[PDB]
Amino acid sequence: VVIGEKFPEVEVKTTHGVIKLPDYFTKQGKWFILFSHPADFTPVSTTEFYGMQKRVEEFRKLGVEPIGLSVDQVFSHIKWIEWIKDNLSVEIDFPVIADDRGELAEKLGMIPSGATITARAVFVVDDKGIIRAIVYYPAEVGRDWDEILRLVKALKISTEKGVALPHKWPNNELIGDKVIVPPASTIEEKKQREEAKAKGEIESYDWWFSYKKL
Amino acid sequence: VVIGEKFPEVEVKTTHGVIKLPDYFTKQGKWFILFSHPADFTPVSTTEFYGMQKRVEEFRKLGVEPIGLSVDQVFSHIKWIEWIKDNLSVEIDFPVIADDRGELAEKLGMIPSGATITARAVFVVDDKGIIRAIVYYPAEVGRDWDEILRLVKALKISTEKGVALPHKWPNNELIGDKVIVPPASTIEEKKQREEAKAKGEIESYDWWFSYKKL
Amino acid sequence: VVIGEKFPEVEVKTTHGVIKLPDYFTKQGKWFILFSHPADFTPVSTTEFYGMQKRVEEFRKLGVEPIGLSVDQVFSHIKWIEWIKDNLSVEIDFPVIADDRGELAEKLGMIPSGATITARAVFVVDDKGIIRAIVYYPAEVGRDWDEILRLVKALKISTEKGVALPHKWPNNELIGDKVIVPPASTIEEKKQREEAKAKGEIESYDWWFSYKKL
Amino acid sequence: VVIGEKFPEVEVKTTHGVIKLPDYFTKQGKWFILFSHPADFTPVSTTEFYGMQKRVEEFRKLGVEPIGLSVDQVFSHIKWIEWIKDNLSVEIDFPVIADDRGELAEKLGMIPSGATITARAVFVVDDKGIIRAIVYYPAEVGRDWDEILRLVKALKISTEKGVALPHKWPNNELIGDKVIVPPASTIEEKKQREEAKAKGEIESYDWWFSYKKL
Amino acid sequence: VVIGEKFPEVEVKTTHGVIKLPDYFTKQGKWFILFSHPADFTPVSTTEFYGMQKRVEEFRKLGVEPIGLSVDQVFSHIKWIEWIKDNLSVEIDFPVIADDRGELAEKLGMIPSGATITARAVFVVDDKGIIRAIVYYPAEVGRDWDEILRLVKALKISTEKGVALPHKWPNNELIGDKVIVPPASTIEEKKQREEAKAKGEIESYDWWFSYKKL
Amino acid sequence: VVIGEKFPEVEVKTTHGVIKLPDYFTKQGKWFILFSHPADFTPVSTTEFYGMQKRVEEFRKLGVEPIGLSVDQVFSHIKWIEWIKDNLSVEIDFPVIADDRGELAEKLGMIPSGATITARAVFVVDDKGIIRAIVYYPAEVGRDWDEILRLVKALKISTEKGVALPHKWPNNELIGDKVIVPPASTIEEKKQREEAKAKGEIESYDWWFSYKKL
Amino acid sequence: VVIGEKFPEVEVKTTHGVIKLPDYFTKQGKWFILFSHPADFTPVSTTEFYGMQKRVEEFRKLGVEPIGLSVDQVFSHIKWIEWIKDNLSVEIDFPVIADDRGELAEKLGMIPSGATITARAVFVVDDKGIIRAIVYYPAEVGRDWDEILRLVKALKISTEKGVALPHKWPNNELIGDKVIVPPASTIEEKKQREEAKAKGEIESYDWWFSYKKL
Amino acid sequence: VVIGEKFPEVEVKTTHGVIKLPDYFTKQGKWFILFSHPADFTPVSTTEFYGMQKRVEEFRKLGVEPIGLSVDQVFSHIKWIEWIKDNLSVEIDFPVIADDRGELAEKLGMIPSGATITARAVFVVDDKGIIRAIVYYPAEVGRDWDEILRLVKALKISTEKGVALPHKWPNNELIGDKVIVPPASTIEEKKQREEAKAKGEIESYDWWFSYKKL
Amino acid sequence: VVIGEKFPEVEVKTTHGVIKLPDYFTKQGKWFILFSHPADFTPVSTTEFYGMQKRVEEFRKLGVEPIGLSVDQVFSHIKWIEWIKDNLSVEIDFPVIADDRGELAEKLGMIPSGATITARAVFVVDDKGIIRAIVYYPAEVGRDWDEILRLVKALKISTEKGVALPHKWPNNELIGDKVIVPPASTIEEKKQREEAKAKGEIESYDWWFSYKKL
């Protein structure tokens with residue numbers, strides 16, 4: 001699969017029951033961050049789930065429901081979740097998919113080459129069922145969820161206000177926290193933004209590169 | 001195309017001449033980071049190039065060479081490089097591929113569903129010419145090259161020193177900038193993670209959760 | 001494709017926006033002249049652009065709208081048009097196609113074996129959506145638009161009057177600016193051509209070679 | 001078939017006997033120009049053979065050989081060639097092919113949709129036996145051979161000097177009879193246009209737009 | 001195709017304009033004889049054409065309509081006809097087909113193995129549109145139209161009176177111009193060949209071998 | 001199969017034993033006349049066998065061996081040939097194929113559609129084993145062997161002298177028993193025909209219509 | 001797969017490490033029992049595991065190695081084995097297979113329609129590599145290893161001796177702990193069984209039914 | 001065909017007449033037990049047969065109908081049944097399938113590799129047509145009908161209530177005649193296990209491992 | 001399989017052990033008669049076995065070995081043969097095939113329509129392994145062995161003596177015990193049959209109908 005493609009209609013087994021994806025989150029009107037980790041009782045994974053559980057609320061806060069995945073069975077899952085409450089006193093309250101066989105993993109390009117288990121996948125899906133962004137980190141390197149946070153904060157704003165987010169927004173070295181207007185794409189769209197700039201009420205390095213604070 | 005797979009043998013038209021991948025870089029014993037942006041003369045893409053040029057030297061220290069890509073021709077490639085020089089006073093000195101047709105884009109799944117151009121793709125490739133990690137952000141959201149910097153600093157450590165790196169490394173909530181020892185995959189291996197902890201040369205939360213200092 | 005086929009039903013992203021081909025011209029009862037050129041920001045293609053532009057209102061006065069094509073992206077199209085104003089004091093106002101990946105290109109045989117970009121193709125297409133003529137000129141030899149001008153002029157009259165046009169019409173070293181009457185193709189037509197002559201309503205060299213003043 | 005391909009190895013029946021194309025011409029280090037006309041004993045076509053004959057030694061002297069083609073048999077050809085002598089005081093002395101069934105015509109895309117005869121096709125092939133340009137004019141509109149001369153004169157020069165000819169060369173509106181230099185496609189190539197310019201080795205409208213006398 | 005087979009439905013270009021086989025003839029309750037010849041302006045063929053015109057009224061008085069075919073174009077046909085009229089003092093008035101590409105030729109197996117033109121093929125089709133006899137002669141041997149006449153006479157009488165014509169009829173060595181009775185094919189027909197001879201209403205060599213005057 | 005095709009390698013059951021066509025006759029440097037008849041003990045076939053046997057020595061004289069065929073069996077073949085001698089006082093000495101299942105028939109196009117036995121087919125096959133002429137007469141119309149004589153006669157002379165025979169040769173109405181020169185198919189051949197006339201080496205109506213006495 | 005079939009050559013990740021089946025065991029001269037259990041940390045499967053480990057040394061004395069298998073990963077295996085030692089005071093020392101993707105599990109037919117894990121399955125494979133018996137028990141019913149113990153005992157002796165083993169043997173209702181001689185399959189084997197029974201050394205109910213003490 | 005599959009609709013000839021499985025039994029609300037023996041008139045097979053009739057009424061007490069199958073025919077089936085009466089005083093009141101050509105055998109995978117006859121297979125099918133367990137014992141090792149009994153018993157209970165049975169039940173090492181509760185597979189499901197335990201209505205070892213009396 | 005076909009190479013399970021067909025009879029110089037019967041313990045098939053045993057030494061005397069077949073197994077073969085002795089005081093001593101699965105029954109088309117077993121097939125196979133005659137008799141009607149005797153005597157004499165046997169030989173109504181000479185199939189053989197008569201070595205009804213004494 002690739003960005004833009006509708007997330008496959010698929011039936012999965014989880015720690016929270018058996019759910020219909022992407023239906024489950026979309027008929028409620030909610031986005032989701034589907035992320036994978038290589039295996040249960042593995043150190044980096046454990047450190048990551050930790051990060052996510054300190055952050056679940058902020059994602060939930062922005063209408064996006066986290067959801068883990070692995071090629072383990074729900075049994076190994078709940079035994080690992082329990083372990084987390086007992087050794088790092090943190091209770092995991094986001095569903096965690098058991099992909100017993102690796103069908104969803106494979107369907108989703110989550111599994112490496114000559115590997116039998118997933119690596120570190122992130123899938124971001126909006127209420128339309130559309131996969132909005134994808135990330136693949138390998139087993140030997142854990143992610144940074146604040147970057148994924150940043151990303152999702154940008155996706156949401158992009159879709160809500162019809163605008164583009166610069167490099168490293170809100171901390172862009174050139175326009176600070178300012179947002180970007182999808183560049184003109186016609187002659188009757190240069191004309192146009194050449195108004196706004198010499199008129200108002202829009203900042204602009206040239207007709208394609210135009211911006212404004214939010 | 002997938003993590004751990006060999007980067008494909010292809011010839012590319014770039015702003016620095018015609019070359020062969022991965023060989024061009026691997027022959028010099030070098031990693032390269034390959035990144036696509038949608039179009040030349042588009043705002044985020046530009047915030048992103050500026051962002052990269054500001055970091056070029058850091059990547060290069062690590063023997064990682066950035067190389068850019070868009071389905072645009074080389075001719076507006078340079079004219080766009082010039083507009084970066086005239087209007088942002090920064091001087092792109094990393095090659096950038098003219099993927100006229102996007103054959104290379106397609107092969108690497110950088111083109112989203114139903115679009116005709118690339119989105120924002122990141123491919124980390126090492127000296128063996130293995131795809132180590134892959135990133136796919138959409139057009140609406142710029143990347144953050146610092147997160148890629150982190151990711152590649154860690155890959156170089158992982159390859160170099162046979163360890164793993166935890167969430168948000170080197171600033172993990174649990175173990176800060178200490179590094180992880182791969183989980184035991186055999187009975188025998190678990191016996192000796194326990195010998196390593198036996199006053200020896202490792203901290204732990206369990207036998208599968210082992211970690212030391214740099 | 002071949003002379004006399006209906007121009008493919010295609011949607012193309014151009015500089016006056018997105019438009020249905022050929023419906024966007026044939027619905028105004030207007031012929032169009034589709035022409036390809038290698039790349040934006042190449043010298044010859046620019047000369048040809050100047051040539052076309054200063055010749056535009058003659059094609060337009062005949063009911064024939066020029067439209068260019070290139071494997072570059074629309075953004076770079078508009079910058080190149082910008083360059084041509086600020087450098088050749090000419091305001092390009094015919095629409096140009098960003099065939100981003102060269103699909104239309106390919107579907108029209110505009111790309112040379114081994115190439116990834118178009119040559120200098122020309123397609124003349126009437127208000128019936130029918131391809132009337134086709135020209136492939138290499139990258140290295142720019143066209144001379146007055147020949148195209150000569151072609152449409154002849155084409156329009158042939159459709160309008162039901163006659164043919166001799167070599168180099170209206171400057172034909174034999175019958176000058178005279179039109180040719182389509183050759184008799186039966187034994188009857190043969191007698192009609194002959195009826196005429198000996199009167200006559202036409203001049204001829206032989207029964208199959210009838211010609212008159214318009 | 002498209003520009004830049006090898007002209008198909010094919011054995012043809014002609015008015016000068018049976019011969020292998022392209023071999024027979026390229027063996028002699030010669031280019032050739034193959035042109036189709038719909039039918040023997042037709043007017044437009046007749047006027048074009050006159051026009052071509054009057055131009056023959058001109059092509060021949062550039063090292064370029066004309067050769068005709070229709071879907072008639074050679075027995076007709078000859079009667080037609082004879083009619084021309086008796087009637088127009090012209091002796092035809094270039095070979096013309098009898099493509100009895102239209103095999104070769106079809107390979108070369110010469111037959112309009114729904115036709116059973118070729119229209120007015122033109123293929124310039126060089127001594128390396130490469131199709132260099134192709135023209136498709138319908139039966140209804142005589143060619144202008146002087147453009148084909150223009151066209152071929154320029155090809156010779158492009159090949160001979162490594163240059164590109166502008167629009168309507170050698171009468172180009174911007175640069176007269178000057179020949180354009182292939183655009184630089186690399187950073188280092190741009191630095192050398194920007195340096196040949198300062199040293200008066202070249203005029204320029206920019207770094208991609210450079211030119212000179214031969 | 002094969003004797004007894006129904007003649008294919010086909011549109012054809014002829015010297016009497018475009019027409020539809022077999023219909024054009026079968027709608028008038030007419031038979032027709034289709035004969036190919038190699039090429040216009042070839043001698044044998046010319047000898048055969050003259051002979052066919054000498055015999056045309058013969059053929060038409062029987063309700064059988066001759067029609068030619070070669071792979072030449074119609075324009076070439078008419079000049080050929082003219083030459084005949086002006087040189088042999090014979091005015092050709094049966095239609096002749098231009099099978100530009102020899103499509104119909106190929107279908108009716110009129111094209112010799114490895115030639116590209118028809119031979120001297122003859123088809124006889126009745127008023128039901130049925131192929132009743134086929135002859136295939138090579139370029140190098142002219143036909144004898146009389147034998148076709150002899151044949152076409154039999155065919156008629158054959159269909160008229162439900163009977164067989166013997167060898168070389170009406171000049172047969174054993175029974176002269178007497179006609180043959182279709183052999184008894186059953187016991188209960190054998191009986192009544194024998195009774196009809198008992199009467200004397202039939203001469204016979206034996207029960208199968210039965211014959212009589214008309 | 002078609003004229004100019006090599007006769008298919010085949011093993012037949014005959015009245016003179018088993019033999020291999022065309023090998024048996026061609027390895028002997030001989031032609032052969034293959035002919036079919038619908039069945040044994042039918043009248044018209046029987047009249048044709050009288051006809052043939054009576055001419056047998058005229059074919060043989062020319063070195064062509066008549067060989068018959070019939071979907072019947074060898075036993076019937078003999079009984080019928082015994083009948084012919086007994087009642088017609090004539091003794092068949094040419095071999096006759098028992099195509100028991102009419103395979104060689106079907107291979108050879110001999111069976112009418114709708115039918116399960118042969119019609120009246122003829123094949124002239126030369127010493128080279130080429131199918132040189134083909135004839136298909138229906139069951140109800142006998143042949144006239146006198147034409148097939150003329151036919152083979154002509155076919156031979158053709159081969160030996162490299163000439164073509166006119167319509168009805170040796171009794172063509174324009175040129176009697178004179179032979180035809182194969183028509184010039186180049187301009188240089190055309191001059192060679194022109195020189196042959198005025199040198200009185202040859203008679204002619206035109207450069208392409210030239211003939212001489214044998 | 002099916003009884004009597006050679007065991008499929010496979011690479012397996014185990015608790016003891018990567019091994020090659022059936023090789024590892026067969027090269028050492030040993031048999032093995034491969035058995036599936038549904039999942040790790042599952043109650044019924046824990047009872048069978050415990051059951052298996054009490055009995056391990058009985059099986060290993062016979063020259064038979066047990067090897068288990070689950071569809072979850074190795075880390076969970078060692079963590080389960082852990083809990084079994086902590087909560088059951090027994091230290092599992094046979095190899096367990098982590099069939100990550102349930103590959104070998106589908107190969108060997110271990111997974112129920114509508115399911116994605118293994119049930120309760122037993123494969124007994126001799127030193128030659130041959131599957132000797134196959135058991136499929138569902139998840140809802142634990143096995144009884146004594147039965148399997150019985151099974152392999154019989155097996156060893158069967159191969160060892162060339163005798164069959166009656167129902168419930170060594171406790172057969174009818175003939176006790178005696179074993180069975182293979183039923184005569186020829187007339188002559190009938191006559192040799194009948195011999196050595198009464199006035200012989202062996203007992204029977206009939207020529208085919210023949211048993212003895214061990 | 002694997003545990004859990006619907007037993008295939010099929011017609012079989014047996015000793016009680018021609019019957020439709022699994023319908024015949026399941027339309028009665030009865031479970032059936034299908035089993036294969038290698039041949040009629042074999043020792044092991046008769047020891048298993050007697051043994052089977054001895055228990056028949058235990059299986060029927062549970063509404064489980066036993067049904068036999070070999071690749072012999074009905075006729076010699078009944079002789080064999082008769083032989084068992086005459087020599088072993090046991091009437092046989094369960095039908096036995098004549099699978100004449102091994103058709104149903106092959107379908108149910110009861111034929112060994114390289115063989116032409118069934119081994120010792122056991123198919124257990126609940127009243128819904130569901131295959132519930134499968135056993136493949138070789139010819140040379142008679143089964144143990146008692147273990148099948150323990151199996152069918154558990155089955156009937158686990159269906160009839162909603163429980164799972166431990167290893168060797170009703171004599172398990174850890175819990176004797178205690179049934180087990182399906183391991184918790186949701187968060188909520190581990191929840192209700194823990195609260196139910198500390199309410200002495202469930203007796204446990206951990207949240208998954210839960211047991212009780214009838 | 002069909003008369004004149006070589007007998008399939010096949011290995012069979014017989015009451016006389018395992019043999020290869022047809023090698024085990026033809027290695028020996030013997031013919032074999034293979035007959036099938038429907039099933040063991042069948043009335044008709046017994047009466048037939050009875051009759052065949054009675055005739056065994058007749059078939060053997062002429063070097064032909066009888067061999068039986070049913071789709072029953074070898075054990076029910078021997079029990080039935082036993083029955084035949086103990087019940088009709090006759091001792092079967094020709095081998096018989098247990099075609100367990102009807103594999104050879106199929107190969108030979110011995111199995112009736114919709115049936116699952118054979119009926120009364122007979123195959124006479126010569127020293128060279130050729131199938132020489134075949135008789136398909138239904139279940140519902142038994143063979144008359146003497147006709148098979150008759151047949152196989154004829155068949156042997158015919159092979160041995162270069163001749164053919166008349167209807168109901170040796171009691172043919174027309175020639176009694178005399179034998180027929182194969183019908184001449186060529187003219188020269190017809191010739192050589194009429195010389196043999198008129199000499200006095202041959203008797204005759206016609207040339208094709210020759211007979212003589214042993």
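What counts and how
- Residues numbered from 1 in each chain as written, not as in the entry; some residues may be left out.
- Chains lettered and ligands numbered in written order.
- Part of a larger assembly, values for the part shown.
- Heavy atoms only, no water.
- Helix = DSSP H or I, 4+ residues; strand = E, 2+ residues; numbered from the N terminus.
- Expected span 1.5 Å × (residues − 1).
- Buried < 20%, exposed > 50% of the residue type's maximum accessible area, 1.4 Å probe, protein only.
- Polar contact = N/O pair within 3.5 Å; in protein donor to acceptor, adjacent residues only side chain to side chain.
- Domains from an automatic or database assignment.
- Contact = heavy atoms within 4.5 Å.
- Buried area = accessible area lost by both parts, 1.4 Å probe.
- Salt bridge = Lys/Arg side-chain N within 4 Å of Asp/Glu carboxyl O.
- Nonpolar A, V, L, I, M, F, W, Y, C, P; charged D, E, K, R; others polar.
- Least-squares fit on C-alpha atoms.
- Pairing = 2+ DSSP bridges.
- Right-handed = clockwise from strand over helix to strand, strands pointing away.
- Axes fitted to C-alpha atoms, helices over the stretch in contact; angles between N-to-C directions.
- Parallel < 35°, antiparallel > 145°, perpendicular 65-115°, else oblique.
- Left-handed = near helix turned anticlockwise from the far one by under 90°.
- Core = buried A, V, L, I, M, F, W, Y, C linked by side-chain atoms within 4.5 Å.
- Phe/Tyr/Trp six-rings, centres within 6.5 Å; stacked < 30°, edge-to-face > 60°.
- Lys NZ or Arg CZ within 6 Å of the ring centre and 35° of its normal.

### Remarks on helix 6 (residues 145-161) of chain C
Residues and elements named next belong to chain C. Compared with the 24 Å implied by 1.5 Å per residue over 17 residues, the 24 Å span of helix 6 between its first and last C-alpha is a close match. Residues of helix 6 that are buried: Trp145, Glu147, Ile148, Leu149, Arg150, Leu151, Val152, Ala154, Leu155 and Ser158. At the N-terminal boundary of helix 6, the capping side chain belongs to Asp144, with an oxygen 3.0 Å from the backbone nitrogen of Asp146. Count one or two residues on from helix 6 and you reach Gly162, which has phi positive near 75°.

### Looking at the domain arrangement of chain A
Residue and element names in this part refer to chain A. Domain assignment breaks chain A into domain 1 (1-143) and domain 2 (144-214). Here the C-alpha centre of domain 2 lies 31 Å away from the C-alpha centre of domain 1. Opposite the 18 residues of domain 1 that make contact, domain 2 presents eleven residues. Regarding the contact of domain 1 and domain 2, the summed buried area is about 1400 Å², with carbon and sulfur atoms giving 78% of it. Area buried by domain 1 at its contact with domain 2 is led by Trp31, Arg55 and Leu62, which between them contribute 35% of it. Counting the contacts that link domain 1 with domain 2 gives one salt bridge. For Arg55, the salt bridge is made with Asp146, and the minimal N-O distance between the two is 2.6 Å. At the boundary of domain 1 and domain 2, one finds three residue pairs in polar contact.

### Comments concerning the interface of chain H and chain I
The interface of chain H with chain I comprises 20 residues on the first partner and 19 residues on the second. Summed over the three residues of chain H that lose the most area to chain I, namely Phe41, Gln73 and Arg101 of chain H, the buried surface amounts to 39% of that side. Remark: the boundary between chain H and chain I carries two salt bridges. Its salt-bridge partner being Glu106 of chain H, residue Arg101 of chain I comes within 3.2 Å of it at the nearest N-O pair. Where chain H packs against chain I, one counts seven residue pairs in polar contact. Secondary-structure elements contributing two or more residues to the side of chain H that touches chain I are helix 4 (74-88) and helix 5 (103-107) of chain H. When grouped by side-chain class, the residues that make up the side of chain H that touches chain I number eight nonpolar, five polar and seven charged.

### Thoughts on the relation of the copies chain B and chain A
In screw terms, the move from chain B to chain A is a rotation of 180° and a rise of 0.1 Å along the axis, fitting with an RMSD of 0.5 Å. Expressed as an axis order, the relation between the two copies is that of a two-fold axis. Minimal C-alpha separation from the rotation axis in chain B is found for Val135 of chain B, amounting to 2.4 Å. Taken as a fraction of all interface residues of chain B, those also at the interface in chain A reach 100%, which identifies the copy contact as same-surface.

### Here's the deal with the arrangement of the chains
Without any contact between them, chain C and chain H keep their closest C-alpha atoms 49 Å apart. Nowhere do chain F and chain H come into contact; their C-alpha atoms are at least 39 Å apart.

### A word on the pattern of salt bridges
On inspection of all chains with the given rule, the structure shows 191 salt bridges over all chains. Where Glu173 of chain C meets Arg55 of chain D, a salt bridge forms, and the shortest distance between an N and an O atom there is 3.0 Å. Highlighted residues: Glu173 of chain C in the loop between helix 6 and strand 8 (179-181) and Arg55 of chain D in helix 2 (residues 43-60), drawn from two different chains. By relative accessible area, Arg55 of chain D is classed as buried at 12%. Linking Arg132 of chain G and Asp126 of chain G is a salt bridge whose minimum nitrogen-to-oxygen distance equals 3.6 Å. Of the two residues, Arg132 of chain G and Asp126 of chain G, neither departs from the other in class, the shared state being buried.

### Let's talk about the relation of the copies chain H and chain I
With an RMSD of 0.4 Å, the operation that places chain H on chain I is a rotation of 179° combined with a shift of 0.3 Å along the axis. A share of 95% of the interface residues of chain H reappears at the interface of chain I, consistent with the copies meeting face to face through the same patch.

### Quick word on the side chain of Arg101 of chain G
Mapping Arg101 of chain G onto the fold places it in the loop between strand 5 (96-98) and helix 4 (103-107). Given the relative accessible area of 19%, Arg101 of chain G is considered buried. Look past the residues within four positions of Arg101 of chain G in its chain and what remains in contact with it is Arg101, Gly102, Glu103, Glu106, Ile111 and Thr116 of chain A.

### Here we look at the interface of chain B and chain A
Counting residues at the interface gives 58 residues for chain B, matched by 59 residues for chain A. Of the charged contacts in the structure, one is a salt bridge between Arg132 of chain B and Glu140 of chain A, with a shortest N-O distance of 2.7 Å. Elements represented by at least two residues in the side of chain B that touches chain A include exactly helix 2 (43-53), helix 4 (74-88), strand 7 (131-137), helix 6 (145-161) and strand 8 (179-181) of chain B. Here the side of chain B that touches chain A gets eight residues from one element, more than from any other, and that element is helix 6 of chain B. Strand direction decides the pairing type here: strand 7 (residues 131-137) of chain A and strand 7 of chain B, joined by three bridges, are antiparallel. Among the inter-strand pairings, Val135 of chain A is bridged to a residue of strand 7 of chain B, identified as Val135 of chain B.

### A short note on the pairing of strand 4 (residues 64-70) of chain D
Two faces, one strand: in a regular strand the side chains alternate between the faces of the sheet. Residues and elements named next belong to chain D. Within strand 4, seven of the seven residues are buried, leaving the element largely enclosed by the surrounding structure. The sheet contact formed by strand 3 (residues 31-36) and strand 4 spans six bridges and is parallel. Note on strand 4: the bridge partner recorded for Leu34 is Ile67. The handedness of the strand 3 to strand 4 crossover, carried by helix 2, is right-handed. Sheet topology note: the strand 4/strand 5 (residues 96-98) ladder contains three bridges and is parallel. Paired with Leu69 across the strands is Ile97, a residue of strand 5. Handedness of the crossover joining strand 4 and strand 5 through helix 3 (residues 74-88) is recorded here as right-handed.

### Points about the packing of helix 2 (residues 43-61) of chain F against helix 5 (residues 145-161) of chain F
Residues and elements named next belong to chain F. Between helix 2 and helix 5, whose axes approach to 10 Å, the crossing angle comes to 25°. Classified by the angle their axes make, helix 2 and helix 5 are roughly parallel. Our pair here, helix 2 against helix 5, has a crossing hand that is right-handed. Residues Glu48, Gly51, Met52, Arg55, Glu58 and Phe59 of helix 2 form the contact with helix 5, whose own contacting residues are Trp145, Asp146, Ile148, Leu149 and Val152. Residues of the contact of helix 2 with helix 5, tallied by class, amount to six nonpolar, one polar and four charged.

### Considering the nonpolar core
The nonpolar side chains of a soluble globular protein tend to be buried, and buried together. In terms of nonpolar packing, the biggest core is built from 240 residues, with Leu34 and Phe123 of chain C together with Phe7, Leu21, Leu34 and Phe123 of chain D touching the most fellow members. With near-sequence residues (within four places) excluded, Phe123 of chain C lies in contact with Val1, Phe32, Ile33, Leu34, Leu108, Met110, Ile131, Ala133, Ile134 and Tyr136 of chain C.

### Considerations on the packing of aromatic side chains
Tallying each qualifying case throughout the model produces 144 aromatic pairs over all chains. One aromatic cluster in this structure is built from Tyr205, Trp208, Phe209 and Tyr211 of chain A together with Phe35, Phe41, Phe49, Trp80, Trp83, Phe94 and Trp145 of chain B. Just above the ring of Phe75 of chain G sits the side chain of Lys13 of chain G; from NZ or CZ to the centre is 5.2 Å. One residue, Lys79 of chain G, lies across the ring of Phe41 of chain A, its end atom 5.6 Å from the ring centre.

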